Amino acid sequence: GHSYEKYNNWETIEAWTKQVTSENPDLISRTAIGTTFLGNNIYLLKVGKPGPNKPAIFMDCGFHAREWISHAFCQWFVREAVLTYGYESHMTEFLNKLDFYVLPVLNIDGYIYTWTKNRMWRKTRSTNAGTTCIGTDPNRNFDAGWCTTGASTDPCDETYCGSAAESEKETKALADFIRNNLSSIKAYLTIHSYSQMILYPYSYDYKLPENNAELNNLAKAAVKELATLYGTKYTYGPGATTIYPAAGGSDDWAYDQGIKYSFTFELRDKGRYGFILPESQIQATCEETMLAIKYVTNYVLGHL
């Protein structure tokens, strides 16, 4: 049984994507953009009032298996969009004017594994020749300064960058989809935990975006909206120096594809529970994160 206030396993999440789609056929369609190393379907939800050539925002969760509040949020978001459509002015405008592409869980095989075997697992669950070490890091596997810094060429490492960029069926599937929908996608948002931050490019080098001032202003105003609920303090800035150098990330890659608004979110907390954020903080985390996402969304409306 599914709950938005608890963490769901992949069976429950899969069943939910099918169920939430069938009940909101007017606001949600559902596809699979590919399969994982183990053969699981990577589901994508398109949320919005259908219409001709609508611009889109793309958000994914569950890059990293152990970061459960991530997966929890994509689900919370989807329910917020469909429950509040027509009743809350801003989301009503949002869904009429654009589409949200929500990818609930990218790294499905890893996420299963954190339920079955190792709650602290991070990487995919693909094999590597010549070793029993399992997994590539999805967020070192994109073609953005690939494996030049902040990434390991050791398969046993937590940031193993893979045998080549897009070696993972999962990262290939996501890149392929983005690359084929470049004309419509205006923002890219990728949800991780933890740290309470909003990051923008770059991490594969120490240069800043061409619209550096704009993204800085935007992040600053987003973390302000988020604080308004419970006073939760987020910080923000470029990835390389706000967290660490790390090439091959999807935010840098999407940006260099030409998506001008490209952010990595780190949700709660600051380490007191870390990846094991208790279920009793899901709702409050998700509620405050919504205000940040919606603020960014409204701004992007200015550029359609």
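Don't overthink the numbering: it's just position in the shown sequence, from 1.
Relative to its counterpart among 104-112 and 161-169, 161-169 has the higher mean temperature factor, C-alpha atoms as listed in the PDB entry. Between 192-200 and 152-160, the higher mean Cα B-factor belongs to 152-160. By the numbers in the PDB entry, the CA B factor is greatest at 53 among 241, 53, 235, 262. In this structure the maximum Cα B-factor among 186, 179, 123, 140 is found at 179. When the CA B factors of the chain's modelled residues are split into thirds, the value for residue 99 lands in the middle one. For residue 8, the recorded CA B-factor ranks within the middle third of the chain. Only modelled residues enter the ranking. Residue-level temperature factors show residue 272 in the middle third of its chain, judged at the C-alpha atom. In the PDB entry, residue 214 places in the middle third of its chain by CA B-factor. In this PDB entry, residue 80 carries a Cα temperature factor that places it within the highest third of its chain's modelled residues.
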